[PDB]
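> Structure here, sequence nowhere to be found:
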């Protein structure tokens, strides 16, 4: 699941926002989320 539909800067903020717990980013920043 190493895919990035969003930039690292955004995913970083997503991760830094804990928004990686949202399905909105669990399928856009899964790589940052750690799904990969």
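Alright, I've got the coordinates. Numbering: from 1, shown residues only.
> what's the nearest residue to the residue positioned nearest the centre of the chain if we skip its chain neighbours?
In the chain, the residue lying closest to the centroid (CA atoms, centre = their mean) is residue 29, at 2.2 Å. The shortest distance from residue 29 to any residue other than its chain neighbours is 3.5 Å, reached at residue 11 (CB to CB, 6 or more residues apart in numbering). Any C-beta I mention is one placed from the backbone N, CA and C, and that applies to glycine too.
> same deal with residue 15?
residue 32 (4.8 Å).
> That neighbour and residue 13, how far apart?
10 Å (CB to CB, to the nearest Å).
> quick one, which of the two is more surrounded?
More crowded of residue 32 and residue 13, by other CB atoms under 10 Å: residue 32, with 21 against 15.
> Run through the residues that contact that one.
Residues in contact with residue 32 (CB atoms under 8 Å, 6 or more residues apart in numbering) are 4, 8, 11-12, 14-15, 20, 25.
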